[PDB]
Each structure stands twice: as C-alpha cells, then as structure tokens.
There are 2 protein chains.
Amino acid sequence: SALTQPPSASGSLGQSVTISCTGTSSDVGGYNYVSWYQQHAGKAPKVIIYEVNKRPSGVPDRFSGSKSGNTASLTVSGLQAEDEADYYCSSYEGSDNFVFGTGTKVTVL
Amino acid sequence: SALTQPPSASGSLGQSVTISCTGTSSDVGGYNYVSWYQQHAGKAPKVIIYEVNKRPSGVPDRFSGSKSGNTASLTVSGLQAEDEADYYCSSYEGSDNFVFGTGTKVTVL
C-alpha cells in the first residue's frame, strides 16, 4: 500500500506550490506522524518536515506542513529553481510501521 | 494586500486537492479565524470552513482545513464534478477587520 499523492504540481518562482498526501484514519488521519522528503534526481533524499509541521534543524520556514481529515499537505514557498524535485510523504500506521506516498514531481515556472 | 492564493489548482475525480492561503503574522498567522468559501461563478457563495477547521452544519466531512505559520490550507477530498469552483479564504486581521484572498479556481479532472 501507498498514500495517495498527485503525480505533478507546479508553482511560479518566488511563489508557492502545495502538495497533498491522502491516507485513512489508520495513518495520516490517526496520528501526528507525517513526514515529508525532497529528492532531486539521482541525489539523496532530504527530510523537510516531520510530525506534521516540524522542520529539522537547517530546514527553513518556507517549507510548511499541515494536516486535516485524512490528508496532509506540504507548501513550499519562496520557490527556487532547485525546488524542482520529487516530494514524498510518509505516515506512521501503527505497530512499528510507516506507509509512504508515491511522490509528486514539482515544476518551478 | 490580499491574502495570497494560487490562481489555479486541480485534482482527479474521486481524489483530493489542497489549496493554500498565505498571509502574515497580523492575519492568517496571528489568529485561528481562517474561513473558506466556495463559489460557482455567477452563483451565491457558500461557507465551507470557519475558525481554520470547523465545518458549518450541512458541509460534508470531506472538506477540511488546517494551518501552519502564515499558511492556511483547504483540502477537498472525494472530488466531485460540482467541486469545480472558485475557493476564497479570509482571515481576521484585528479591529473589526477581515481580509480576503484572491481566490483559487479548482478544476476536477
């Protein structure tokens, strides 16, 4: 299984893009343990958000996470060309288990 | 001066879309008084969310709201053809004042 993410999203340089991540009451809707990751092609993933809305040290405030219902979202503001990347979500889902989304490719226009 | 909203968003039938509403610490980021409105052009608006995440009586559970920092988000899940519409946000901004966004047009594919 997988969390549902749109294939694609886009926003303007300097503006924002928002990505959704839809699960169920047993994952996204059940806990406050949603993370987001950014990956450029061929590069290492990077954690952007954890615990729904927390940014790791060194991740700036232009990355914001939220959730409501069974859907989490990530908004990337102040868009830079280097924000063109794949973005994935994950959620805790009970036990010691996590489920991931299928990734959204962002284009920066 | 308006709240910033993307001019467009889209999602697939039966799935989800999330749209954003970005203000400042004096409005969206200052209070828990974000509302969302749906309007099919030419027709009367309807309130979908108030107080960030509250649904008026008669609004289905599949519309949900959230915020983090200066950014509020509305998710429409289980998208239906009737969800193609303009969606506006507003926030309190002190005194007896409310400020609105410019609206996002959602398409349902």
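Read-outs: derived from the displayed coordinates by stated rules, not from any lab. Cβ sites come from the backbone with ideal geometry, for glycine too, and all protein chains shown count toward neighbours.
Side notes on the structure shown:
- Residue-averaged beta-carbon neighbours from other chains (10 angstrom radius) around A:9-16: 2
- Other copies of B:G30: label-to-label distances in nm, shortest first, labels 7 Å along the beta-carbon direction: 4.1
- Across peptide B:20-26, the average count of Cβ atoms from other chains found within 10 Å of a residue's Cβ is 3.
- Three semi-axes of the equivalent ellipsoid, chain A, Cα gyration tensor, whole Å, largest first: 22, 13, 13
- Residue order for A:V47, A:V108, fewest other beta carbons within 10 angstrom first, comes to A:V47, A:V108.
- Counted by Cβ distance under 11 Å from A:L3, the other residues give a net charge of -2, where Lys and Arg count +1 and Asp and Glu count -1.
- Residue by residue, the stretch B:15-25 carries 3J(HN,Hα) couplings of 10, 10, 9, 10, 10, 10, 8, 10, x, 9, 5 Hz when phi is fed to the Karplus relation 6.51 cos²θ - 1.76 cosθ + 1.60 (θ = phi - 60°); x denotes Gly or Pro.
- Only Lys, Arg, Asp and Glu carry charge here, each on its Cβ (+1 for the first two, -1 for the last two); on that basis chain A has a dipole of about 140 debye about its Cα centre.
- C-alpha center-to-center spacing [the stretch B:3-33, the stretch B:37-109] in angstrom: 8 Å
- Cross-link pairs exceeding 32 Å between alpha carbons, from the set A:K54/A:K105; A:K43/B:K54; A:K105/B:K105; A:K46/A:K67; A:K46/B:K46: A:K43/B:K54; A:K46/B:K46.
- Count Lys and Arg as plus one, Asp and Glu as minus one, and take only other residues whose Cβ is under 11 Å from that of B:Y92; the net charge is then -4.
- Counting charges near B:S77 (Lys, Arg +1; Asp, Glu -1) among other residues having Cβ under 13 Å from its Cβ returns a value of +1.
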